[PDB]
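Read through the structure below, which is laid out as structure tokens, and then see the notes.
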Amino acid sequence: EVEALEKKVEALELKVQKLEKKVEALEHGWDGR
Amino acid sequence: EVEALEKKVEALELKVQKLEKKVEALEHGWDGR
Amino acid sequence: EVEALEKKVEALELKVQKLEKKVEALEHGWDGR
């Protein structure tokens with residue numbers, strides 16, 4: 001279970017960091033977005 | 001603790017998937033967004 | 001490991017809640033966004 005949680009948490013961390021980047025681009029109008 | 005973590009992780013997974021959908025719609029201008 | 005997971009999960013929860021707020025603002029055009 002723990003090793004399974006660890007793997008899912010790290011997938012979520014990647015996903016969330018990609019979302020933060022995309023959301024900041026939308027919020028700031030980076031590159032016409 | 002582990003069962004508690006498992007439950008919170010799965011809530012985060014739902015949330016993140018809904019955020020990805022919304023962000024992709026904003027990024028692609030789906031349906032006028 | 002468990003205490004480590006707990007800490008990362010709670011960071012993700014903060015992050016996701018901030019993302020939901022920002023995304024809702026973009027989706028609703030709150031405050032010109």
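Just so you know, these numbers use all the heavy atoms, side chains as well, and skip hydrogens, waters and symmetry mates. Proteins get letters first, then strands, A, B, ... in listed order; numbering begins at 1 in each.
- Of the charged side-chain nitrogens involved, none lies within less than 4.0 Å of a carboxylate oxygen, so that B:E13 and A:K15 do not count as a salt-bridged pair.
- Contact record, A:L12 with B:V9: CD1-O, 4.0 Å, taken as the closest heavy-atom pair.
- A:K8 is not listed as a side-chain neighbour of B:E6, based on a closest heavy-atom distance of 4.5 Å or more.
- Neither the backbone nor the side chain of B:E1 comes within contact range of chain A; no heavy atom of the residue lies under 4.5 Å from a heavy atom of that chain.
- Between B:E20 and A:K18, none of the side-chain N atoms (NZ, or NE/NH1/NH2) sits under 4.0 Å from a carboxylate O, so this pair counts as no salt bridge.
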